[PDB]
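Quick heads-up: it's one chain on its own, the form deposited in one PDB entry, in structure tokens.
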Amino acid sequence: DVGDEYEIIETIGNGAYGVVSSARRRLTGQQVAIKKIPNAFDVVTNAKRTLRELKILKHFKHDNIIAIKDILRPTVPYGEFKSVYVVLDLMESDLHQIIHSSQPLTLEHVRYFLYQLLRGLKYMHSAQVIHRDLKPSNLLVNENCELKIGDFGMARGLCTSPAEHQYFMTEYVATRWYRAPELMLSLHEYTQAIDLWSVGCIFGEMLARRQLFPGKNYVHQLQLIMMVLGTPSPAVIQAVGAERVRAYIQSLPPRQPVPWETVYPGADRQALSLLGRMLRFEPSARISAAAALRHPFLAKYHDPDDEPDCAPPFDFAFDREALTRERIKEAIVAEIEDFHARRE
């Protein structure tokens, strides 16, 4: 059941949320995507994640971030409510599908896709939200070339609970190929700078239409980053949590960084200038999303008056709480109610 307000067309694929249904609002004919989260309250970690995503997507109001158009209200008694139905914007493709296809992808495509990504990020980052899992598949693109950041399951603030495993096991946070050196190496510096490494990776991937660091495992991933970036500094090496990784990096002959001009021959000069400001071992050495929008490479689209920040910041306190499956269900049901009490 989809509240009798919608008409289901077909089951489509989604880069950010796996499998969704293309549908239409029966009154207006407006095309939408309907995500079903089956048995949503069965497992603690899944239930916590649904709550996190709902709170994050409700807090944001930005064209480059995926929006909740509607959330279906429980039709059955409370005890029987097991599946959540979320109405999202209908996004036909994603950046993974576009990069890795026979479709055009000129420097102008790259410039415009990076612009939309950084626009959405400047806003997200000012709310003290770190996506922590940016990748081409998570950057939804529609028929009108609108890029929208989706999939906030890995998202956290500047402060995290020690009660969760990823607080210590940072190398398991997100996707290997786009995972920031501070997460790979447990450098105890976890800011929005994490996302700018991932942006750099996506930027490189758009320029060559191939993954920049497609490591086969943990060590191989580090070897790939070090083949381009060179050996990390002694300060980065001293900050490495694990003794085996630290010893492994120290066991290697020194390597100087490879110029980006050698990595991407004949690629646009301003594109490579910006890329080098993102791909740095040191998180604090990286350009912020706001300063990147000021870079000459994005001058074409850059309008400071059309690139908002997000006020107030987003608070992750709800997520640090040890909540039972029932308490999470209660908090999700209260999000549905709030979403509806804020419209009417």
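Only residues modelled in both forms are compared. For clarity, a rigid core is taken as the largest C-alpha set superposing within 1.5 Å between two forms. The first residue of the sequence shown is number 1, and the count goes up from there.
Quick note: we don't show the form solved in complex with a small molecule, though the next part is all about it.
Chemist: If you check in the deposited bound form, do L185, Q238 and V245 all have a non-hydrogen atom within 4.5 Å of the small molecule?
Modeler: Looking in the deposited bound form, the three residues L185, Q238 and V245 all stay beyond 4.5 Å of the small molecule (heavy atoms).
Chemist: If contact means any heavy atom within 4.5 Å, which of 246-254, 84-92, 162-170, 176-184 contacts the small molecule in the deposited bound form?
Modeler: Result of the contact check: 84-92.
Chemist: Check each of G120, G150, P232, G204 and return the one that places a heavy atom within 4.5 angstroms of the small molecule in the deposited bound form.
Modeler: For this set of options, the contacting one is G150.
Chemist: Taking the small molecule as it sits in the deposited bound form, is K35 near enough to touch it, meaning that at least one heavy atom pair lies within 4.5 angstroms?
Modeler: Yes, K35 is a contact residue.
Chemist: Using the partner position in the deposited bound form, report whether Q97 sits within 4.5 Å of the small molecule, counting heavy atoms only.
Modeler: Because a heavy atom of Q97 falls inside 4.5 Å of the small molecule in the deposited bound form, the answer is yes.
Chemist: Taking heavy atoms and a 4.5 Å cut-off, does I328 contact the small molecule in the deposited bound form?
Modeler: Taking the distances in the deposited bound form, the answer for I328 is no, it never comes within 4.5 Å of the small molecule.
Chemist: Could you confirm whether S198 comes within 4.5 Å of the small molecule in the deposited bound form, counting heavy atoms only?
Modeler: No, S198 is distant from the partner.
Chemist: With the two forms superposed on the core, which of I336, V20, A23, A16 shows a CA shift of 2 angstroms or more between the shown form and the other one?
Modeler: Correct option: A16.
Chemist: Closer or farther apart in the deposited bound form, the C-alpha atoms of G15 and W197, for a change of 3 Å or more?
Modeler: So the answer is farther.
Chemist: Against the shown form, C-alpha atoms of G18 and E337 in the deposited bound form: closer or farther, for a change of 3 Å or more?
Modeler: Closer together, by at least 3 Å.
Chemist: Fit on the rigid core and then flag the segments of at least 3 consecutive residues whose Cα positions all differ by 2 Å or more between the shown form and the other one.
Modeler: After core superposition, the one displaced run is 13-19.
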